[PDB]
Amino acid sequence: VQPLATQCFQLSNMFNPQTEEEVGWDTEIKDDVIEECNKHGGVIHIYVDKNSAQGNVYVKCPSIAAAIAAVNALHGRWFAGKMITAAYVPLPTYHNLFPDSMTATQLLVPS
């Protein structure tokens, strides 16, 4: 079936490294996704994989409810004719990839 929601997710189609042209684009994505999450349930870890051919961004939220809200805000937007899609990532998989996220529990809410 479709996998169950978790605290962690992967967005796809957020960018295309071959066509991005603005200096600082990957940080702009990071900061934008933080701002969007802070209109919903917040965020505790984020990584923009700027090398990814699939336009992947990785996010960990403080709860499953917060992740659902972020996923529902971001998926279904369209960039260059491709849809932003989300896949939930199992916690052990996410933590293997981003070990700094394992102990993070406070929200990224810019001062």
Side-chain angles (χ1 to χ4, degrees), residues 3-49 51-81 83-111:
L4 299 169
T6 73
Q7 277 177 266
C8 302
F9 59 93
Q10 180 198 63
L11 298 165
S12 290
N13 303 322
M14 292 281 293
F15 54 93
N16 182 345
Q18 299 276 330
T19 63
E20 297 304 321
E21 73 172 289
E22 189 200 22
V23 170
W25 63 265
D26 65 298
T27 303
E28 192 187 356
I29 295 175
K30 181 182 172 171
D31 287 345
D32 176 90
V33 173
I34 294 169
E35 285 194 33
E36 186 65 44
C37 288
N38 289 338
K39 298 176 201 200
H40 297 281
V43 53
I44 60 179
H45 171 268
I46 178 164
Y47 181 76
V48 177
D49 180 359
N51 297 305
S52 174
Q54 293 66 45
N56 293 320
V57 179
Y58 296 87
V59 184
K60 183 174 180 186
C61 291
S63 67
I64 294 170
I68 292 166
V71 161
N72 287 344
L74 291 159
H75 92 272
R77 296 177 193 188
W78 295 78
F79 288 178
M83 198 183 93
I84 301 320
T85 61
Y88 294 103
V89 180
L91 273 170
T93 300
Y94 197 96
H95 290 156
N96 279 348
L97 188 52
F98 302 113
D100 290 337
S101 74
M102 207 168 344
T103 56
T105 60
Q106 298 176 58
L107 278 65
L108 298 170
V109 192
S111 309

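Throughout, numbering of the chain's residues begins at 1 and tracks the sequence. No hydrogens, no waters, no symmetry mates; every other heavy atom, side chains included, goes into these values.
In this structure, the salt bridge (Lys or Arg N to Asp or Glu O under 4.0 Å) partners of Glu36, at least two apart in sequence or on a different chain, are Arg77. For the ring-ring contact (aromatic ring centres under 6.0 Å, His included) test, no residue two or more places apart in sequence or in another chain qualifies with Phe9. Every residue two or more places apart in sequence or in another chain that forms a side-chain contact (heavy atoms from CB on, under 4.5 Å) with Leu91 is listed here: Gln7, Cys8, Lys60, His95.
For the residue pair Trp78 and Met83, the shortest heavy atom distance occurs at CE3-N, 3.5 Å.
If you take CG on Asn72 and NE2 on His40, they are separated by 9.0 Å, rounding to the nearest 0.5 Å. Note: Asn56 CG to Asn51 CG = 11.0 Å, rounded to the nearest 0.5 Å. With rounding to the nearest 0.5 Å, the separation of CD1 in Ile64 from OG1 in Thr6 is 6.5 Å.
Put simply, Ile29 and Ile34 are part of the same group of oily side chains (I, L, V, M, F, W, Y) that touch within less than 4.5 Å, one to the next. Under the 4.5 Å side-chain heavy-atom criterion for ILVMFWY residues, no single connected hydrophobic cluster contains both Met102 and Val89. Residues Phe79 and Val33 share a single hydrophobic cluster, defined by chaining ILVMFWY side chains whose heavy atoms lie under 4.5 Å apart. Cluster membership for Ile46 and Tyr88, using ILVMFWY side-chain heavy atoms within less than 4.5 angstrom, is shared. Note on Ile68 and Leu107: separate hydrophobic clusters, where clusters join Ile, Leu, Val, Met, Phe, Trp and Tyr whose side-chain heavy atoms are under 4.5 Å apart, directly or indirectly.
Looking at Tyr94, its side chain does come within 3.5 Å of a backbone N or O of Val59 through a donor-acceptor pair. No donor-acceptor distance shorter than 3.5 angstrom exists from the side chain of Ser52 to the backbone of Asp49, with no hydrogens or angles considered. Of the possible donor and acceptor atoms, one in the side chain of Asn38 sits under 3.5 Å from a partner among the backbone N and O of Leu108. Between the side chain of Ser12 and the main chain of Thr85, no donor-acceptor pair closer than 3.5 Å is present.
Residues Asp26 and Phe15 are not in side-chain contact: their nearest non-hydrogen atoms beyond the backbone lie 4.5 Å or more apart. Side-chain contact between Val71 and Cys61: absent, with no pair of heavy atoms (C-beta onward) separated by less than 4.5 Å.
Remark: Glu22 CD is packed, more than 12 non-hydrogen atoms of other residues, nucleotides or ligands lying under 6.0 Å away.
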